[PDB]
Every structure is written in C-alpha cells, then in structure tokens.
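Remarks on the structure that follows.
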Amino acid sequence: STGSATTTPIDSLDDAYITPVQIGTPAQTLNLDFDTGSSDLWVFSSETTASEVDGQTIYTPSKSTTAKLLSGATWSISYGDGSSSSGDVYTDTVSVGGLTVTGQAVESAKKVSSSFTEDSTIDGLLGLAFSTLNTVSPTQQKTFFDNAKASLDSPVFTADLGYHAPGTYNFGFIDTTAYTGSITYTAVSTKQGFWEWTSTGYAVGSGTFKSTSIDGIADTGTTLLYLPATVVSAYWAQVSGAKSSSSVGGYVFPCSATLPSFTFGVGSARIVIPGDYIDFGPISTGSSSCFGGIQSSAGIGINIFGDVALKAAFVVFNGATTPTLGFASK
Ligand SMILES: NNC(=O)c1ccccc1Cl
C-alpha cells in the first residue's frame, strides 16, 4: 500500500505545516502537525478541558463506531519549546492520504498548554520519530508509520515541505518526479529515538564549504534550523546589523537586509537553503527588526534540522531494518 497527503503551512511564515488525517468511523478529519521529532499521535477531543479549546476541530470518540478505550492507558508529553499536553487513549482507524491503519493509538487530550490552545489551526500532532519515544503508559504504543510499515510497498515515508506553499507527505514510495538529481543517503542513529544523522559541513552564501561533522535531528515539527553557536555566528556575521538579542531570544536582523543562502552537507552532496527561507519577519507587528531562521542550539542539547532546512530538500525517512535518511535538491 501507499499514501499521499498534501501538507499546508499554517501561516505566512511557514511556522508549521498541517496535514489532514481521517480518524474513526465515519471519518472525522483533523489537521495534524506531522512531527518527525516525536512519537505520539494526539488530538484535541471532546475530552479536552473546554477552556483550552479555541477553534480547533475535535475528535469525539463516542461518535466513532471503531473507537475503543485503551483501558488504563494515559499519556503526557512535553516538547522542546516548553509546550505540553496529556490525556487518555483510544484505538481507532486512522487514514492518511489513502493509507489506512486499524488499531492505531489515538491519544485524546484532556489538557493542553496555552501555546496549543492559542493555535487554532493545529488539531493535534502525528509523531513520526521512533516508537521508543512514545509516552503512553503503562503500555507504550506504536507510531502510525510503525503500524503501517509492513503493509507499505517500501518501508519509507518522504517529506516534501513547501516554501510559502503546499507540499507533500508520501508513505510507502519515493516520487522520482519530486526532486532533481540524486538522493544522497546518510546513516541514522536511533539511540535517542530520533532521525539523528551527521551533516558533513556548511557554507554561508557563496563562501567556501567548511568540512565539519554536525550531529543533529531531522525534525519536521520544529520551525527553525538550530546549529552550533560557531556556525550560527559565522552565518549572521554576513548580515549587516544582525545581532543576538537576549530580550528577543535569538538572532535578529534589519528587515531591509538581503539574507545570504546557507548550505549544508549530506555526504558529498549539498543542500542550499535560499536566503529568503531564513527570514521569519518582524519580531512584533510593525517592527523593522526581523527574526532569523537560523538560531543557536546551545542550551537545547541537540542540533535540529527543522523546517527551514528540510523544506529546501526532498527528504526520505527510510525505515528499513537499519534506518537511513536521504536528501535530494528539488
Ligand atoms: N518536534 N521536535 C521535538 O519534539 C524535539 C525533539 C528533541 C529536541 C527538541 C525538540 Cl523541540
């Protein structure tokens, strides 16, 4: 089997992407944030504290004839940005772009943190990291990909995120018309539960490539590109007036600037992030200070190849017995 679904930016900055997901019988369609950096499929629901719901579409398990309470199971997750959610668990039928999993754990939120409430466009998350990170207790549950894998034509999914435009998540096949040149594959460590890999280096604008190993995660659920302070300093040094602002919480730059591109290495291959992809707009409405899309990972504890990097590529998440990651230009 295969599936194919369009993923759409939630706003004009590409802060996140939502993908429609069918849950239950009859289908209830929710728009979920596909997150290769976590491993829980959770949704706003009829059980979510009413004051914490503000415009989201909810899943109502009592209206699904295929929903079954997973007795005794709870979940609770905290994300790197400080947000969180928790609740109980149903199993139900879940379909993405024509690909159906029966008995998928659907984690129903009883509580969500303010950042989730405040984002009316995201109805939940669909985790696509390794199932070892799943938070369901006392019996850990598998991700949608994990459950689907055996049935897929090939045990893979791909992320093709758009810049200020829709893109695609495919399951079970590689669309050879969706990228240019070849896909370069690189080793993955699953030891931390992530799609963790090592970039071979970077360049800033038309500058020379610096060969250096950068270990990080391919994370569709993180907006920006978080890299070591040395790398980030070298980038922003090429932008007149750019500076790190402790009060804003990262590098900012004059909105009048033209940003240089940023290149990252995948083996001997190179992915070029255009300068425009690194502009996250005014820090506050009407400001002439703009927020940068490349930020330091110092104090996160891990480098994160978030949407800013991933949307510059066609990305293969290869879930073969030894997982790998593939990157192509597009
Ligand atoms: N979607 N990404 C995550 O949940 C994550 C994983 C590891 C470190 C930091 C973060 Cl923000």
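These values consider heavy atoms only, across backbone and side chains, with no hydrogens, waters or symmetry-generated copies. Every number for a ligand or one of its atoms is a count from 1 in the order of the listing. Start at 1 with the first residue, then count along the sequence.
- Between the side chains of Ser51 and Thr49, no donor-acceptor pair is found at a separation under 3.5 Å.
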Practice item. Let me see the working for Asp146 and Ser131 under side chain to side chain donor-acceptor pair (under 3.5 Å), right down to the final yes or no. Key: CA-CA 7 Å; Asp146 206 344; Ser131 294; 2.7 Å; yes

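- Counting protein heavy atoms only, atom 8 (C) of ligand 1 is closest to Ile302 CG2, 3.9 Å.
- Checked by distance only, ligand 1 and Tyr79 stay at 3.5 Å or farther apart across all their nitrogen or oxygen atoms.
- Applying the 4.0 Å criterion to heavy atoms of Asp35 picks out, from ligand 1, the atoms 1 (N), 2 (N).
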Practice item. Starting from the C-alpha separation in whole Å, work towards a yes-or-no answer on side chain to side chain donor-acceptor pair (under 3.5 Å) for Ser86 and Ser76. Key: CA-CA 4 Å; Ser86 61; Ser76 180; 4.7 Å; no

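- Residue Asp219 has at least one N or O atom closer than 3.5 Å to an N or O atom of ligand 1.
- Between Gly221, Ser297, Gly80, it is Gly80 that holds the heavy atom closest to atom 11 (Cl) of ligand 1.
- The nearest heavy-atom contact from the protein to atom 7 (C) of ligand 1 is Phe194 CZ, 3.3 Å.
- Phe209 carries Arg270 over the face of its six-membered ring, with the cationic atom under 6.0 Å from the centre and within 45° of the normal.
- Counting only non-hydrogen atoms, the option in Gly216, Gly37, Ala16 that gets closest to atom 4 (O) of ligand 1 is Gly37.
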Exercise for review: Just do the ring-ring contact (aromatic ring centres under 6.0 Å, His included) check on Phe171 and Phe144 with the steps written out, would you?
Suggested key: CA-CA 10 Å; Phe171 291 84; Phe144 174 82; 5.6 Å; yes

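- Residue, atom and distance of the protein heavy atom nearest to atom 9 (C) of ligand 1 are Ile304 CD1, 3.9 Å.
- Taking a 6.0 Å sphere around NZ of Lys210, one finds it holds 12 or fewer heavy atoms contributed by other residues, nucleotides or ligands.
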